[PDB]
Amino acid sequence: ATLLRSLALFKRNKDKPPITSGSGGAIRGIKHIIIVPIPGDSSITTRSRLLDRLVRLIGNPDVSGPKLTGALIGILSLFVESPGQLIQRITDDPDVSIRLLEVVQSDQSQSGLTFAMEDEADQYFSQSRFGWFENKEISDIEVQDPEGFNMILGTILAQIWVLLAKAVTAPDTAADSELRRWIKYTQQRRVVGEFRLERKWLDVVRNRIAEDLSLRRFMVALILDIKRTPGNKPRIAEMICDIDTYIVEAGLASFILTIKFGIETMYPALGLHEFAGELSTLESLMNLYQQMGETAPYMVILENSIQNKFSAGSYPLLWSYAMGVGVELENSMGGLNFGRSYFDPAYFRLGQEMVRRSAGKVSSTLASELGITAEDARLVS
Amino acid sequence: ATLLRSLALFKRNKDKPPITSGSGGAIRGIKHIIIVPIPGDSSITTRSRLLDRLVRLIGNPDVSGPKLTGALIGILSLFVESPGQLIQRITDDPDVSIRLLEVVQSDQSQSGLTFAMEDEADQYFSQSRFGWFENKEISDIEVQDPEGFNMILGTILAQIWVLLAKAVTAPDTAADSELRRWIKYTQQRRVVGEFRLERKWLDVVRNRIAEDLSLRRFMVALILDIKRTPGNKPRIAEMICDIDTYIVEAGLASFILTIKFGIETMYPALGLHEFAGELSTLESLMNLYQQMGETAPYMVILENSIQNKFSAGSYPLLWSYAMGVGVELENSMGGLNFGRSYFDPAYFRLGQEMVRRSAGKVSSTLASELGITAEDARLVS
Amino acid sequence: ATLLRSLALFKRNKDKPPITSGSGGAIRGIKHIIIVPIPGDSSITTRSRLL
RNA sequence: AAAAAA
RNA sequence: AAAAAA
RNA sequence: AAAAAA
């Protein structure tokens, strides 16, 4: 009686994150500078030419690590006026000091851009291995009207933000899926259809986003800044806050799914005592998921320290049950790979059979809600 | 017991929109100016000649993007006195700065309008490819009496506001349907019957409204301003607030419909455990639909970020069930296309059969409301 | 059980008219004058001849 | 994203 | 770590 | 003191 109250407080502080008082500057990463080219002026011509040079900058093999990181941050912030104030607002990272150099257009330079310095600029910005748009009839995207820039910018960013959904979880599998989101934005007339980048260009970005952590911290934390914008967003932000729904819980699909099929379906095989403790583990992780705040759905994009805590190994039987339930109830979850060292297939087939036995077997915990008679429950069977 | 209370709070903040505190001017779109010609004076003669020049301005192939946007905003606000104060009241858009130039009539100009500047004006305003009224006996609509203008203005606006209903959802299918609303307003004597524009004129507007977002934000947000007008509206506003009923939830017909046929019919195949969680997903989206306020029904006209949340993919089984129910119960919903990658036809035919089995099978949850006997329920069968 | 209470509030605000706070003189129609002849005096003879 | 709605 | 989601 | 846990 007093054991169960002591047990409930024992389990919730075991999952509870340690309260981060802080070490007063003790643990600080050594910072490497990242060269972020930001347009010098508000005019469209500069934004357009910098977007032209940064897109082909990324494709070449020659570019190093943080040169590719700053070129990506260079175009993930071209949609705002004053991109320099956007970067310093977002970078709460300890490992990275962003030094950001303004880029103004020029007449004398080979690339057409100088730094606000004409040969150091082209040394920054500069045939089968070069990545580009997949229809090679387009050589230069430099445009003049700003809505022609704003459509050619979202066509580039909607092919980079969709990579973040499936960069840490399924890089190999991913190329099949981001073409479906490309059909979504082409048919919505959000993006321009002929400017689809090569898979070779995107494999440079996708193996970059998967590799470094400092780019995934920037990309998550600006999405969390896009989401906070009060009014109607600018039309690139209202697209970046459209792609994010594919990134929200991108890798918690052994926990989000278990809750969806184990807990919520409420088959009578939850009153097993074998599950009676792994519900109490899982009711704490549901309470923990808003204790983590709004950075909770991105805890495996960001590689947070407590995505080990939402792992299915702490509830391996109730996970396998909700694997068994969700194979029949989804034609999509048949494509889900779930192979782990704690799989327990005995439970999985017990959870498969609960779906099959109760096929036309209208419940008792939702029939009193409606008033289902024995006359009515036979008609469903 | 305490699991289900933790589960209910876990599901409602998962759907809950992030509270928009704001980034303090961090994310601001680069603004392109849009040339909006507004009549210089209150007199009818100017309004009439500007409406004449803006209607033929739209038809020609030569007009660019935002020149077509400002010409449309130029005529979507001719019905008010002081159209300049209407535009600044509505444009809460970050992507668009409306600069609006007054237009006064002239004797010396070729078009007949100057800017309050005689050659820059006709350079703004100016044979098979030109779009016009479908009966070519009418060349000029310039009229003098103001009720002859107010009827020739509503005849133009009731052919543009009906495009917004089916511009983002069914542009190809749409031309069959807006002729039915044209019969509605002709038989109500709301519009003048001989001034029907070409489909070639309307295809310029419909492929414009579908393309840009900044025109759909203006058209929605003034409808929300028409709706707020306290007394009896002016007779164009009482027509724009008549067309809007065709635009309210124009594209949520996988959610509005599911609720109408899945939830509300209350067949005994809702006590399935396969649906018992997708009711709780769908009871949050019903609570979310007024948490979004009065801009909720337009969330797919405006391409809001959380029309992915009312998508049927989060409840794909209970959607397919309400697809199965609604095919028999409507001779209209047989024309509904519902083809998605999450369709699950097993459920669809389970929802088709619940309509067919309970044909003459008066319920138990509404018979106690009336007092239906076994004598009376046999008479319905 | 709590679905039906959420359903009943969902259907009544869908039909509910939007509360007309007002746009503060933003949407005003252009007014055309209408000539209304009204009798000058209370006497019956004028009312009769105007009718 | 899709139907119908004086 | 893996699926699907206008 | 013993296992497993992206």
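Residues numbered from 1 in each chain as written, not as in the entry; some residues may be left out. Chains lettered and ligands numbered in written order. Part of a larger assembly, values for the part shown. Heavy atoms only, no water.

Going by the header, the method for this PDB entry is cryo-EM, and the resolution given is 3.30 Å.

(A) Quick look at the overall build of chain A. Helix and strand content of chain A: 16 helices and three strands. Taking the principal axes of its C-alpha atoms as reference, chain A extends roughly 85 × 55 × 40 Å. Looking at chain A as a whole, 52% of its 381 residues are labelled buried. Of the roughly 17500 Å² that chain A leaves accessible, carbon and sulfur atoms contribute 50%. On chain A, the mean spot of the 41 positive side-chain charges and the mean spot of the 46 negative ones are 5 Å from each other. (Helix = DSSP H or I, 4+ residues; strand = E, 2+ residues; numbered from the N terminus. Buried < 20%, exposed > 50% of the residue type's maximum accessible area, 1.4 Å probe, protein only. Areas by Shrake-Rupley, 256 points an atom, 1.4 Å probe, with all protein chains shown as cover. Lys, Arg positive; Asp, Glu negative; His and termini not counted. Charge placed at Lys NZ, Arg CZ, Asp CG, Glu CD.)

(B) Region of the structure containing the packing of aromatic side chains. Evaluation of the coordinates by the stated rule reveals 36 aromatic pairs over all chains. Judged by centre distance (5.9 Å) and plane angle (40 degrees), the rings of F338 of chain A and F343 of chain A are tilted. In terms of burial, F338 of chain A and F343 of chain A fall into one category: buried. Ring centres of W132 of chain B and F133 of chain B lie 4.7 Å apart, and the angle between their planes is 70 degrees; this geometry places the pair in the edge-to-face category. In this structure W132 of chain B comes out as buried when scored by relative accessible area, which is 10%. Since its relative accessible area comes to 0%, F133 of chain B is described here as buried. Connected via pairs of aromatic rings, a cluster forms that spans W319, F338, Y342, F343 and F348 of chain A. Here the guanidinium or amino end of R56 of chain B rests over the ring plane of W132 of chain B, the centre of that ring lying 4.2 Å away. (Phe/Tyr/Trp six-rings, centres within 6.5 Å; stacked < 30°, edge-to-face > 60°. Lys NZ or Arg CZ within 6 Å of the ring centre and 35° of its normal.)

(C) Looking closely at the protein's contact with RNA strand F. Residue and element names in this part refer to chain A. For RNA strand F, the full set of nearby residues is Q307, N308, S311, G313 and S341. Within the contact set of RNA strand F, a sugar or linking oxygen lies 3.1 Å away from a side-chain nitrogen or oxygen of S311. Looking at the surface near RNA strand F residue by residue, the class counts come to no nonpolar, five polar and no charged. (Near = heavy atom within 4 Å. Polar contact = N/O pair within 3.5 Å; in protein donor to acceptor, adjacent residues only side chain to side chain. Nonpolar A, V, L, I, M, F, W, Y, C, P; charged D, E, K, R; others polar.)

(D) Molecular detail of the interface of chain A and chain B. Contact with chain A, which involves 67 residues of that partner, is made by 60 residues of chain B. With both chains or domains summed, chain A and chain B bury close to 5700 Å², and 55% of this area falls on carbon and sulfur atoms. On the chain A side of the contact with chain B, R189, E264 and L379 of chain A bury the most area, a combined 12% of that side's loss. In this structure, the connection of chain A to chain B is made through five salt bridges. Note that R189 of chain A is salt-bridged to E211 of chain B, the shortest N-O span being 2.5 Å. Counting the contacts that link chain A with chain B gives 19 residue pairs in polar contact. Elements with a contribution of two residues or more to the side of chain A that touches chain B: α4 (83-90), α6 (146-157), α9 (214-226), α10 (237-243), α11 (256-263), α12 (278-291) and α16 (374-380) of chain A. At six residues, α12 of chain A tops the list of elements feeding residues into the side of chain A that touches chain B. For the side of chain A that touches chain B, the residue count by class is 29 nonpolar, 16 polar and 22 charged. (Contact = heavy atoms within 4.5 Å. Buried area = accessible area lost by both parts, 1.4 Å probe. Salt bridge = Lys/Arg side-chain N within 4 Å of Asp/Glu carboxyl O.)

(E) How the structure looks around the side chain of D52 of chain B. Structurally, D52 of chain B can be placed in helix α2 (residues 44-59). Discounting chain neighbours no more than four positions away, the residues touching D52 of chain B are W132, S139, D140, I141 and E142 of chain B.

(F) Here's a closer look at the environment of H32 of chain C. Tracing the chain through its elements places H32 of chain C in the loop between α1 (2-15) and α2 (44-50). Along the primary structure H32 of chain C and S21 of chain C are separated by 11 residues, whereas in three dimensions their C-alpha atoms are 26 Å apart.

(G) Up close: the protein's contact with RNA strand D. Residues and elements named next belong to chain B. Around RNA strand D, a shell composed of 22 residues is seen, among which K166, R180, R181, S332 and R340 lie nearest. Among atoms of RNA strand D positioned within 4 Å of the protein, sugar and phosphate together represent 49%. Contacts to RNA strand D include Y246, whose side-chain N or O atom sits 3.0 Å from a phosphate oxygen. Looking at the surface near RNA strand D element by element, the count peaks at four residues for helix α7 (residues 178-187).

(H) Representation of the interface of chain B and chain C. Listed per partner, the contact involves 32 residues of chain B and 21 residues of chain C. Buried surface at the junction of chain B and chain C, summed over both partners, amounts to about 2400 Å²; 64% is from carbon and sulfur atoms. Of all residues in chain B, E81, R228 and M286 of chain B bury the most surface against chain C, accounting for 19% of the area lost on that side. Seen at the junction of chain B and chain C, the total is two salt bridges. Close ionic contact of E249 of chain B with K14 of chain C constitutes a salt bridge, the shortest N to O distance being 2.4 Å. Across the chain B-chain C interface, the total number found is seven residue pairs in polar contact.

(I) Spatial organisation of the sheet that holds strand β1 (residues 32-39) of chain A. Residues and elements named next belong to chain A. The mixed open sheet is built from three strands, whose spatial order is β1-β2-β3. Bordering the open sheet on either side are β1 and β3 (113-115), each of which pairs with just one other strand. Between one strand axis and the next, the sheet turns through 40 degrees on average, direction left out of account. This element, helix α3 (residues 65-75), spans β1 and β2 (96-105) of the sheet and lies at about 35 degrees to β1. (Pairing = 2+ DSSP bridges. Axes fitted to C-alpha atoms, helices over the stretch in contact; angles between N-to-C directions.)

(J) Examining helix α13 (residues 316-328) of chain A more closely. By the criterion of burial, α13 of chain A is predominantly enclosed, with 11 of the 13 residues buried. Each element contacted by the buried residues of α13 of chain A is listed here: α11, α12 and α14 (345-357) of chain A.

(K) Structural detail: a nonpolar patch on the surface. On the surface, a cluster of nonpolar side chains totalling about 430 Å² of accessible area is made up of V362, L366, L370, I372 and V380 of chain B. Its place among the elements puts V362 of chain B in the loop between α14 (345-357) and α15 (367-370). (Patch = residues over 30% accessible without salt bridge, like charges linked within 9 Å, V, L, I, M, F, W, Y side chains within 5 Å.)

(L) Region of interest: the nonpolar core. Residues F255, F310 and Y321 of chain A together with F255, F310 and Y321 of chain B are the most contacted members of the largest nonpolar core, which totals 92 residues. In terms of nonpolar packing, the next biggest core, distinct from the first, is built from 81 residues, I73, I90, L163 and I236 of chain A among them. (Core = buried A, V, L, I, M, F, W, Y, C linked by side-chain atoms within 4.5 Å.)

(M) Spatial organisation of the relation of the copies chain A and chain B. Once chain A has been moved 3.9 Å along the axis and rotated by 29 degrees, it coincides with chain B to within an RMSD of 0.0 Å. Interface residue correspondence from chain A to chain B reaches only 6%, placing this contact among heterologous pairings that use different surfaces. (Least-squares fit on C-alpha atoms.)

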